[PDB]
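Structure record follows, encoded as structure tokens.
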Amino acid sequence: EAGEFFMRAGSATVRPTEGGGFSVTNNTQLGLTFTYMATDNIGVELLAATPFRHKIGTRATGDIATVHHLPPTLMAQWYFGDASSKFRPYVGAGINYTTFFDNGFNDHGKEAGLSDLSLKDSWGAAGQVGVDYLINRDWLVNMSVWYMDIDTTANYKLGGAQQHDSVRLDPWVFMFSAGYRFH
Ligand SMILES: CCCCCCCCOCCOCCOCCOCCO
Ligand SMILES: CCCCCCCCOCCOCCOCCOCCO
Ligand SMILES: CCCCCCCCOCCOCCOCCOCCO
Ligand SMILES: CCCCCCCCOCCOCCOCCOCCO
Ligand SMILES: CCCCCCCCOCCOCCOCCOCCO
Ligand SMILES: CCCCCCCCCCCC[N+](C)(C)[O-]
């Protein structure tokens with residue numbers, strides 16, 4: 001597999017970790033991954049996706065603002081078994097980068113006096129465990145479980161300027177996908 005380059009396309013579901021309430025909704029997007037096989041086990045993977053849309057809310061108010069973000073992640077991977085194996089599970093470690101954007105309070109949020117919402121970027125440790133089933137020499141199916149440190153702060157104006165709340169997304173990411181190989 002050394003020298004190989006493959007791409008996976010599939011769904012990438014993001015399940016944040018418990019951010020009244022103040023909770024963040026789950027969300028699935030088109031997840032694409034680009035991996036380069038350093039040497040039959042070591043590979044470099046890049047995770048990309050369509051922009052994620054999340055909702056924020058108190059069980060008292062219901063949704064009150066919606067958020068968007070790109071969580072690109074770079075990872076060093078270890079593929080168990082040899083090139084010849086057709087069932088190659090793997091573990092990976094790397095760094096994450098999330099960029100929030102196009103964030104805003106609902107009408108109801110506004111009603112409650114919320115305004116001007118924005119979130120600062122994030123960087124963090126990231127790890128994964130997943131398996132690639134190599135059907136043909138050109139195709140594979142795949143599952144993957146990621147975990148990323150995605151801590152960030154929200155700045156808004158509740159009536160005046162109570163704009164400082166930390167948000168700990170620390171999401172678990174699941175990805176079911178198929179992939180094509182370019183030797
Ligand atoms: C880098 C950001 C990605 C957004 C750009 C769109 C990229 C273009 O299309 C790539 C083709 O991917 C689409 C295929 O459908 C997904 C695969 O089927 C899933 C298997 O369960
Ligand atoms: C072989 C083609 C199947 C295409 C794969 C795309 C996956 C299907 O849609 C999932 C819809 O997103 C919302 C579901 O909740 C997240 C849980 O993961 C579900 C899929 O196994
Ligand atoms: C070659 C074997 C593949 C297995 C990877 C294990 C390699 C060891 O861990 C690397 C960890 O890299 C991530 C560091 O944490 C993120 C740093 O903070 C980012 C900047 O603010
Ligand atoms: C809450 C915990 C959820 C527990 C999930 C257990 C999931 C464990 O791994 C399942 C891996 O899938 C196995 C593959 O299918 C068997 C052989 O491959 C088939 C190709 O013809
Ligand atoms: C020659 C074709 C071989 C193709 C192999 C098909 C293997 C497909 O996957 C079997 C395992 O899928 C079952 C598990 O349920 C889906 C995951 O759990 C969802 C939420 O965490
Ligand atoms: C991804 C996290 C986005 C955070 C959105 C910020 C929500 C702040 C919550 C305002 C609480 C409103 N209040 C007073 C009516 O309860």
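Note that we place each Cβ from the backbone using ideal geometry, even for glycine, and neighbour counts take in every protein chain shown. Only the coordinates and a few stated rules stand behind these numbers; no lab work does.
Cut-off is 10 Å between beta-carbons; in what order do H108, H69 appear when sorted fewest neighbours first?
By the 10 Å Cβ count, ascending: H108, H69.
Mind jotting down the distance between the C-alpha centroids of segment 118-176 and segment 60-86, whole Å?
6 Å
Taking other Cβ within 10 Å of each residue's Cβ, how do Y79, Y156 sort, fewest first?
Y156, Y79
Using a simple charge model, +1 on the beta-carbon of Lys and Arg, -1 on the beta-carbon of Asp and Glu, nothing else, what dipole does segment 41-88 show about its Cα centre, in debye to the nearest 20?
Dipole of segment 41-88, to the nearest 20 debye: 180 debye.
What ranking of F80, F176 emerges when the number of other C-beta atoms within 10 Å of each C-beta is taken as an exposure proxy, fewest first?
Fewest to most other Cβ atoms nearby, the residues stand as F80, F176.
How about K55: which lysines have a C-alpha closer than 27 Å to its C-alpha, ignoring those fewer than 8 places off in the same chain?
Within reach: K110, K120, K157.
Residues with beta-carbon under 11 Å from that of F34, excluding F34: net charge, scoring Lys, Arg +1 and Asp, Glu -1?
So the environment of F34 carries a net charge of 0.
Relative contact order for segment 72-183 using alpha-carbon pairs under 8 Å, separation at least 6, rounded to a whole percent?
Relative CO of segment 72-183 lands at 23 percent.
What does the charge count around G43 come to, taking other residues whose C-beta lies under 15 Å from its C-beta (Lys +1, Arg +1, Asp -1, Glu -1)?
Its environment carries a net charge of -3.
From the phi of every residue in segment 112-125, what ³J(HN,Hα) in whole Hz does the Karplus formula 6.51 cos²θ - 1.76 cosθ + 1.60 yield, where θ is phi - 60° and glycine or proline is x?
Whole-Hz 3J(HN,Hα) from phi for segment 112-125: 5, x, 9, 6, 6, 10, 7, 10, 6, 3, 8, 9, x, 5.
Starting from the Kirkwood radius over alpha-carbon pairs of the chain, derive D by Stokes-Einstein at 10 °C in a medium of 1.306 mPa s and give it in µm² s⁻¹.
D, rounded to a whole number, is 91 µm²/s.
Near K120, within a Cβ-to-Cβ distance under 12 Å, what is the net charge of the other residues, with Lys and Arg +1 and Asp and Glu -1?
Combined, the nearby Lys, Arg, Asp and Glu give -3.
Whole-Hz Karplus ³J(HN,Hα) for segment 98-104, in order, using 6.51 cos²θ - 1.76 cosθ + 1.60 and θ = phi - 60°, x for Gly and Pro?
10, 10, 6, 4, 6, 9, x
With only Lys, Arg, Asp and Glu charged, each at its Cβ (+1 for the first two, -1 for the last two), find how big the charge dipole of the chain is about the Cα centre; round to the nearest 20 debye.
The calculation lands at about 280 debye.
Given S144, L134, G159, which one lies farthest toward the positive end of the charge dipole of segment 127-183, if we put +1 on the Cβ of every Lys and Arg and -1 on the Cβ of every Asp and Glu?
It is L134.
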